[PDB]
**Q** 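Pasting a structure below so you can have a look.
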Amino acid sequence: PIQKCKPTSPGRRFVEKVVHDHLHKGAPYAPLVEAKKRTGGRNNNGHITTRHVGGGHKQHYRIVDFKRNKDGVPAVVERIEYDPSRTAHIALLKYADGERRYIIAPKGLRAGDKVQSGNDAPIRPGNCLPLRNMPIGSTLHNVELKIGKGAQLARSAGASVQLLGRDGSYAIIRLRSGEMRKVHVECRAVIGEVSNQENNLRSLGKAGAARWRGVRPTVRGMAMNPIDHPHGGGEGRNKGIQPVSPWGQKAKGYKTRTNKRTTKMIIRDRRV
Amino acid sequence: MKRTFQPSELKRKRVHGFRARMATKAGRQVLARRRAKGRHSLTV
RNA sequence: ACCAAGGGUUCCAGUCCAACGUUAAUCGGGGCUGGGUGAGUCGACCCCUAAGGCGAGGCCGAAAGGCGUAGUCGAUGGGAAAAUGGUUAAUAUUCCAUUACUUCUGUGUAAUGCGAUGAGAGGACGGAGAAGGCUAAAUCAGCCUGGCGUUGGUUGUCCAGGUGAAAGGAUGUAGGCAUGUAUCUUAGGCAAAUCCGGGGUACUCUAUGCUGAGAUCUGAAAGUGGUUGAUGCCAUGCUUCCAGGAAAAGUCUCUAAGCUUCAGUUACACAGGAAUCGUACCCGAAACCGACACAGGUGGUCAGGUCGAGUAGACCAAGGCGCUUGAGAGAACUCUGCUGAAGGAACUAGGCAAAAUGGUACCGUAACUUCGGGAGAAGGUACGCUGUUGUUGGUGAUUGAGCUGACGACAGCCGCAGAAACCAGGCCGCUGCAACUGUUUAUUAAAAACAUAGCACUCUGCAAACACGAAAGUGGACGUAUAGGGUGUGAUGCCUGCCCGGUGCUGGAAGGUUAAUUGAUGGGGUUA
RNA sequence: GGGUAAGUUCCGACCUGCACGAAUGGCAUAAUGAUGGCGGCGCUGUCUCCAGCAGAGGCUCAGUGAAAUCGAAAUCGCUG
RNA sequence: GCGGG
RNA sequence: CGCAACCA
Ligand SMILES: [Mg+2]
Ligand SMILES: [Mg+2]
Ligand SMILES: [Mg+2]
Ligand SMILES: [Mg+2]
Ligand SMILES: [Mg+2]
Ligand SMILES: [Mg+2]
Ligand SMILES: [Mg+2]
Ligand SMILES: [Mg+2]
Ligand SMILES: [Mg+2]
Ligand SMILES: [Mg+2]
Ligand SMILES: [Mg+2]
Ligand SMILES: [Mg+2]
Ligand SMILES: [Mg+2]
Ligand SMILES: [Mg+2]
Ligand SMILES: [Mg+2]
Ligand SMILES: [Mg+2]
Ligand SMILES: [Mg+2]
Ligand SMILES: [Mg+2]
Ligand SMILES: [Mg+2]
Ligand SMILES: [Mg+2]
Ligand SMILES: [Mg+2]
Ligand SMILES: [Mg+2]
Ligand SMILES: [Mg+2]
Ligand SMILES: [Mg+2]
Ligand SMILES: [Mg+2]
Ligand SMILES: [Mg+2]
Ligand SMILES: [Mg+2]
Ligand SMILES: [Mg+2]
Ligand SMILES: [Mg+2]
Ligand SMILES: [Mg+2]
Ligand SMILES: [Mg+2]
Ligand SMILES: [Mg+2]
Ligand SMILES: [Mg+2]
Ligand SMILES: [Mg+2]
Ligand SMILES: [Mg+2]
Ligand SMILES: [Mg+2]
Ligand SMILES: [Mg+2]
Ligand SMILES: [Mg+2]
Ligand SMILES: [Mg+2]
Ligand SMILES: [Mg+2]
């Protein structure tokens, strides 16, 4: 779980690290990793399009099987592994015919456990099933939105959705944001909650720890000049302005959703 | 002090070289202008 | 001292001195004439790819053009192979001698399945730390040669100089890693596979393989031992931590296709090849970047002795230099230092600057504290040389010699002073601000400014919000609400009261007002 | 009130807050700071009040040889 | 110029 | 009292 560090120096006083004794200490499965170069938040044109991005440790991308399209074949868990690209752990499945794959690890999955996919799969954490065959009230993760595309929803370290009920060709689920949504019943989900789940109790402790994760420092617009930010200027400390983004969009409460194409799939949003 | 020039021949040829000028419309207009002036060196 | 970059003949020799050289110059990086750079193994070229670039088609765009697929380029990274000695005025891992190694060709001989653009393996990789085994190197000894000292002594336990052949071949150790072998089988590997992956059996795990420094053997006038000992090597190893650590080819396995008694493959033998370009010289520099033969800047490599923790420092070696105006004099004044009676901050905006402290071991050390600190708090003692005596460690000739490390106890001797020179913290009390390490006005501001971990609010359901872009599209993110963006605050402790009238924002939609649109009415003009 | 012989600064109080005040955060806070203020021990040429000495310039000789400026100059004081 | 008082 | 029309 969480281990607090002794204050043997000022940069250690507040470092709360997450420690897991069951994670594989060793190299990732080599056929399933590829290179992942850093962007710095720069697009095609070479412009910065996302601020506060840059640096960080070199990372390989693990190829996680989000589609789980190997149905009917049982698989056994070989090990649980650190994945630098996400906040959850990953499980290395060895299928019954020798194929090795990566999946998002469920909360209680350990080495030696068995998972399966398809319509026939038993109700068991790590089993991928269409939303038709899931029992109401179940805790799911790794939920599809389009048929055949792969898990898109509830993938982060402690995520999960509630299956609230199916009516027609749409199951109604509740998301972590507090939002009630409908998803086609041919979409697949996985049983259980996502693995890591104390990822949000950690404490970085020092600035350099944030730099290791590829985050660059944030500068307040209050600290800038008027040519740089709409909050800039002023003798001394002044913020005589309704808070706003660097490009002039209001920052407290102003809603920015403008997609009209999928609004009929939202039963109840958050803030209700 | 460190001064601004700091030579490197590869970088010179990749920024201001003949093939770098010939690769765009504006660089070929540079070459046409320097031929119109009668320069003895077209490029670096 | 040697490279890269950059320079471009400055390199070497002969000759000349007008100009250039902050003076003269017979000299020169100056003038004139001539010479000089030798490669299968060094580097580049070459094969391979990263970031990025270009990009057939394609998508987008008034045009110009933009993005991008297939591909094709692009090193700062991956991919064959050489050492020792000698030689020029100037080149040498290139020339010569000796001894190697790599990879190609052919021409044969003997054996017989060869296999791709496909699949697999491998190449293939982080930080930190530690133990060991070694070796270079250094030093001493041994040996060879010479010497017998301008002044007391010096035929020795004396002085000085010289003196340890590498790559490669064989061997396969210290260490490191993997249990291996056989057989049957198989929802996987775009199709095939005898291959890889997955299953099952039997024996093995005091077993097999791979890898591997160094030693030994060989190479091959003195030319042999000890000690210390690497940052080099084993080691791309091992342990541990989290922030989780290139790619592709060369290489190996497998079959597809295609051939088939051939071709191809592999074992050996014979003969022959390995092109092209660079190679001089300069490298804290008078040759590069600074207008200069300019106190600046310039990446990597090597780096000996005494003492020393040390690549600090003092003095030296190898090597290289005396910095391209000198000669006098020895005024004020300026700069840079040294010392200074008595006093000791009275100076001054201000102890500014100077003076002072300073090492090692041991003793001792307050408030306060987030229990880690504070703290080297403060402060104090000892320290040289000579001899005597003890414990101990490491190597290991022949159990233990010789060499060598560490720690003490006594006794004496000398000086003003034993940390001897160089080197090398000043300290304490109260208080504001910012938690802290960091960052910043290149060139008058380093801070209380910025950032920060932490906190909160808010937006965002994924073709996400948001940003860039004319669009295509790209980033966000090969992420998915424990995520991502914006805003403020700023560790931590204790906390964070009241106000929704104003301006925002969010929700509501009864009513008023209200655009394009539509075109009912009414009015006019024309005249049969 | 303390500190000094003597304190517009400093520290501790008081509250009459011209015109503090709670995430443009309030009040504290160990550690940290080439941070601001004040005090002390040591130490001193900072000073009373400067003296001597060393090196480098200055000065003289030989050689080379600038610069800014400049209407023209036979370019004194005082009072007006 | 359209509604309200 | 509000909403909307303003080019001597
Ligand atoms: Mg951000
Ligand atoms: Mg500012
Ligand atoms: Mg503005
Ligand atoms: Mg103000
Ligand atoms: Mg010469
Ligand atoms: Mg001359
Ligand atoms: Mg010459
Ligand atoms: Mg393009
Ligand atoms: Mg085209
Ligand atoms: Mg290429
Ligand atoms: Mg290279
Ligand atoms: Mg030479
Ligand atoms: Mg490492
Ligand atoms: Mg004599
Ligand atoms: Mg070539
Ligand atoms: Mg040379
Ligand atoms: Mg030098
Ligand atoms: Mg200059
Ligand atoms: Mg000179
Ligand atoms: Mg210079
Ligand atoms: Mg030195
Ligand atoms: Mg005195
Ligand atoms: Mg005195
Ligand atoms: Mg005074
Ligand atoms: Mg005074
Ligand atoms: Mg001072
Ligand atoms: Mg001093
Ligand atoms: Mg600070
Ligand atoms: Mg600092
Ligand atoms: Mg700076
Ligand atoms: Mg400045
Ligand atoms: Mg400054
Ligand atoms: Mg602030
Ligand atoms: Mg705070
Ligand atoms: Mg005072
Ligand atoms: Mg305030
Ligand atoms: Mg408040
Ligand atoms: Mg506030
Ligand atoms: Mg005083
Ligand atoms: Mg006169």
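What you see below is based on every heavy atom in this structure, not just the backbone, and it leaves out hydrogens, waters and symmetry mates. In what follows, chains carry the letters A, B, and so on, assigned in the order in which the sequence lines appear, proteins first and then strands, with residues in each chain numbered from 1.
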**Q** Given the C1' atoms of C:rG6 and C:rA89, what is the spacing between them in whole Å?
**A**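 After rounding to an integer number of Å, I get 29 Å for this pair.
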**Q** For A:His89, does its backbone N or O pair with a side-chain atom of A:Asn196 as donor and acceptor, under 3.5 Å?
**A** no
**Q** A:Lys94 or A:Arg51: which one's nearest nucleotide on RNA chain C is closer to the 5' end?
**A**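 By nearest-heavy-atom nucleotide position, the 5'-most residue is A:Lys94.
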**Q** Counting any heavy atom closer than 4.0 Å, what does A:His229 reach on the DNA or RNA strands: base, sugar-phosphate only, or nothing?
**A** sugar-phosphate
**Q** When we call it a touch if two heavy atoms are under 4.0 Å apart, what does A:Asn44 touch: a base, just sugar-phosphate, or nothing?
**A**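 The answer is sugar-phosphate, as A:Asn44 gets under 4.0 Å only of primed atoms, P, OP1 or OP2.
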**Q** In B/S/- notation, 5' to 3', how is nucleotides 448-461 of chain C contacted by protein heavy atoms closer than 4.0 Å?
**A** -SSSSSS--BSSBB
**Q** When you compare the six-membered rings of C:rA424 and C:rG425, are they both close enough (centres under 5.5 Å) and flat enough to each other (planes under 30°) to count as stacked?
**A** no
**Q** Is A:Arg257 atom CZ crowded by more than 12 heavy atoms from other residues, nucleotides or ligands, each under 6.0 Å away?
**A**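 Result for CZ/A:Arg257: enclosed.
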**Q** Ignoring hydrogens and angles, are the base of C:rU474 and the side chain of A:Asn43 linked by a donor-acceptor pair under 3.5 Å?
**A** yes
**Q** When all nucleic acid strands are considered with a 4.0 Å heavy-atom cut-off, which category describes A:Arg268: base, sugar-phosphate, or nothing?
**A** nothing
**Q** Taking atom P in both C:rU72 and C:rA50, what distance in whole Å separates the two?
**A** 12 Å
**Q** May I ask you to say what A:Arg174 touches in the nucleic acid, namely base, sugar-phosphate or nothing, with a heavy-atom cut-off under 4.0 Å?
**A** nothing
**Q** Under a 3.5 Å rule for both distances, is D:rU8 the Watson-Crick or G-U wobble partner of C:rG129?
**A** no
**Q** Counting only Watson-Crick or G-U wobble pairs whose two distances fall under 3.5 Å, which nucleotide matches C:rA456?
**A** C:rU487
**Q** Quantified in whole Å, what is the P atom distance between nucleotide C:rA451 and nucleotide D:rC10?
**A**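 Taking atom P in both C:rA451 and D:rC10, they lie 31 Å apart.
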**Q** Does E:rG1 pair with anything, Watson-Crick or G-U wobble, both distances under 3.5 Å, and if so, with which nucleotide?
**A** F:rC3
**Q** Heavy atoms under 4.0 Å, any strand shown: does A:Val244 hit a base, just sugar-phosphate, or nothing?
**A** sugar-phosphate
**Q** Which residue is it: B:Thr43, B:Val44, B:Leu42? I am looking for the one with a side chain to side chain contact (heavy atoms under 4.5 Å, CB included) to B:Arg21.
**A** B:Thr43
**Q** Provide, to the nearest angstrom, the distance between the CZ atom belonging to A:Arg38 and the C1' atom belonging to C:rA246.
**A**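 Result: 11 Å.
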**Q** In terms of the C1'-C2'-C3'-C4' torsion, is C:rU157 a north or a south sugar?
**A**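 It's south.
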**Q** Using a 4.0 Å heavy-atom cut-off across all strands, classify A:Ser245 as base, sugar-phosphate, or nothing.
**A**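 Result for A:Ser245 = sugar-phosphate.
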**Q** Name the residue closer to the 5' end of RNA chain C, choosing between A:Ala30 and A:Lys146 according to the nucleotide with the nearest heavy atom.
**A** A:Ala30
**Q** What contact category does A:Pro230 fall into here, base, sugar-phosphate, or nothing, at under 4.0 angstrom with non-hydrogen atoms?
**A** nothing
**Q** Do the charged groups of A:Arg181 and A:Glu179 touch, with an N to O distance under 4.0 Å?
**A**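 Salt bridge flag = no for A:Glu179 with A:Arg181.
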**Q** Expressed in angstrom and rounded to an integer, what is the separation of B:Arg3 atom CZ from C:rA5 atom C1'?
**A**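 It is 20 Å, rounded to the nearest whole Å.
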**Q** Is the side chain of A:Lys4 donor-acceptor paired with the backbone N or O of A:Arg13 at a distance under 3.5 Å, no angle test?
**A** yes
**Q** Which of the following nucleotides, C:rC468, C:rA483, C:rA247, is nearest to the side chain of A:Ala35?
**A**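 The listed nucleotide nearest to A:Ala35's side chain is C:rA247.
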**Q** Please work out if A:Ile48 contacts a base, only the sugar-phosphate, or nothing of the nucleic acid, heavy-atom cut-off 4.0 Å.
**A** sugar-phosphate
**Q** Picking from C:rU482, C:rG65, C:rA463, which would you name as closest to the side chain of A:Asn199?
**A** C:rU482
**Q** Would you confirm whether C:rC416 and C:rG390 are paired, taking Watson-Crick (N1-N3 with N6-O4 or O6-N4) or G-U wobble (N1-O2 and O6-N3) geometry and requiring each distance to be under 3.5 angstrom?
**A** no
**Q** Could you check if C:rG223 and C:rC338 make a Watson-Crick or G-U wobble pair, where both distances must be under 3.5 Å?
**A**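 No; nothing between C:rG223 and C:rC338 satisfies the definition, which requires both distances under 3.5 Å.
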**Q** Taking 3.5 Å as the limit for both distances, would C:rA100 and C:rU37 pass as Watson-Crick or G-U wobble partners?
**A**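 No pair, by the stated definition.
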**Q** Rounded to the nearest angstrom, tell me the gap between atom CG in A:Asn196 and atom P in C:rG244.
**A**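 Rounded to the whole Å, the gap is 13 Å.
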**Q** Take atom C1' in C:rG310 and the same atom in C:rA247, then report the distance between them in whole Å.
**A** 42 Å
**Q** Does C:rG168 pair with D:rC15, Watson-Crick or G-U wobble, where both distances are under 3.5 Å?
**A**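 C:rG168 does not match D:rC15 under the WC/wobble rule.
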**Q** Test side-chain hydrogen bond (donor to acceptor under 3.5 Å, both in side chains) on A:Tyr29 and A:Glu78; report intermediate values, then the result.
**A** CA-CA 11 Å; A:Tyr29 183 66; A:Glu78 300 312 305; over 6 Å; no
**Q** Evaluate D:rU48 against C:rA342 for Watson-Crick or G-U wobble pairing; both distances have to be shorter than 3.5 Å.
**A** yes
**Q** Under 4.0 angstrom, heavy atoms only, what part of the nucleic acid is A:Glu34 near: base, sugar-phosphate, or nothing?
**A** base
**Q** At 4.0 Å (heavy atoms only), tell me whether A:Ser85 reaches a base, stays on the sugar-phosphate, or touches nothing.
**A**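 Sugar-phosphate, no base atom in range.
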**Q** Between C:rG469 and C:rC371, is there a Watson-Crick or G-U wobble pair with both distances below 3.5 Å?
**A**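 Donor-acceptor distances not both below 3.5 Å, so no.
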**Q** Using atom P in both nucleotides, what's the gap between C:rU251 and C:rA124 to the nearest angstrom?
**A** 16 Å
**Q** Mind running a 4.0 Å heavy-atom check of residues 158-169 of chain A against RNA chain C and sending the residues that fall below it, in number order?
**A** A:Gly158, A:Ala159
**Q** More than 12 heavy atoms of other residues, nucleotides or ligands under 6.0 Å from CZ of A:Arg271: yes or no?
**A**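 Atom CZ in A:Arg271 is crowded, with more than 12 foreign heavy atoms closer than 6.0 Å.
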**Q** From C-beta outward on A:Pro10, which listed nucleotide comes closest to its side chain: C:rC436, C:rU487, C:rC288?
**A**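 Nearest nucleotide to the side chain: C:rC436.
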